[PDB]
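# so I've got this experimental structure, pasted below with the sequence.
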Amino acid sequence: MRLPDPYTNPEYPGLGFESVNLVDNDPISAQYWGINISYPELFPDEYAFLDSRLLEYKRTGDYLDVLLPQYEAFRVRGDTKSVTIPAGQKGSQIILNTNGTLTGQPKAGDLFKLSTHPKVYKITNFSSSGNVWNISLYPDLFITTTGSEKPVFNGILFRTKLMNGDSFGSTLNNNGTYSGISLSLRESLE
């Protein structure tokens, strides 16, 4: 379940977020991101759409994949598939070999994800030596690299669970829209 937005569904611009907060949970357990999405007033058809998607989400027990457009930095561009990430890596640093196919560089604060695993990281520092990139991450890597991972800097989806199904919804207001819709999502560690 991709959480529908104006990219997937440009016919519903209200599905653009009014506000989003990315929240750090550092438990006893592993770190996980919390996401709080607030919508502007939704019109009947876009509200009806989102409603039905969340319902389908409810009955199938799936995850919800979410894009946060605020993090569409596009500070790094190029052929990520020709990047090499050496095997055996763990901890808070991730080294990769760009093979000269990347342009630009990421900065502290940007998101990062491995192609083969759903966990999303924050980039905390970055240095390079020619085509060698040294990306410092938070939290530590959830897996040891296999050698087949590719870096993801843009179009990162968080794999989440809805926390507030029981307070989701609104009723028609006096200008024929639905106010106060917000979603509270928790990154799911499988």
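Noted; the coordinates are in hand. Numbers count the residues shown, from 1 in each chain.
# for stretch 78-91, buried residues please.
Residues of stretch 78-91 classed as buried: 80, 83, 84, 85, 89 (neighbour count, 16 or more other C-beta atoms under 10 Å). (C-beta placed from N, C-alpha, C; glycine too.)
# how about the nearest residue to the third one, chain neighbours excluded?
Read it as residue 84. Closest residue to residue 84 in three dimensions, ignoring its sequence neighbours and counting by C-beta to C-beta, 6 or more residues apart in numbering: residue 97, at 4.3 Å.
# about what we covered before: what's the closest of the buried residues of stretch 78-91 to residue 104?
Among the buried residues of stretch 78-91, residue 80 lies closest to residue 104 (C-beta to C-beta), at 12.3 Å.
# pretty sure the closest one sits against residue 102.
Yes: between residue 80 and residue 102 there is a contact at 7.4 Å, judged by C-beta atoms under 8 Å.
# please, where are all the helices along the chain?
Taking DSSP state H as the test, the helices found in the chain are 44-60.
# give me the distance between the two termini of stretch 66-79.
Taking C-alpha to C-alpha, to the nearest Å as the measure, stretch 66-79 stretches 23 Å from start to finish.
# could you do stretch 150-158 as well?
For stretch 150-158, the first and last residues are 16 Å from each other (C-alpha to C-alpha).
# how about residue 30, what does it touch?
139, 142, 189 (C-beta atoms under 8 Å, 6 or more residues apart in numbering).
# quick one, which of the residues you listed are buried?
Applying 16+ other C-beta under 10 Å to the contacts of residue 30 flags residue 139 as buried.
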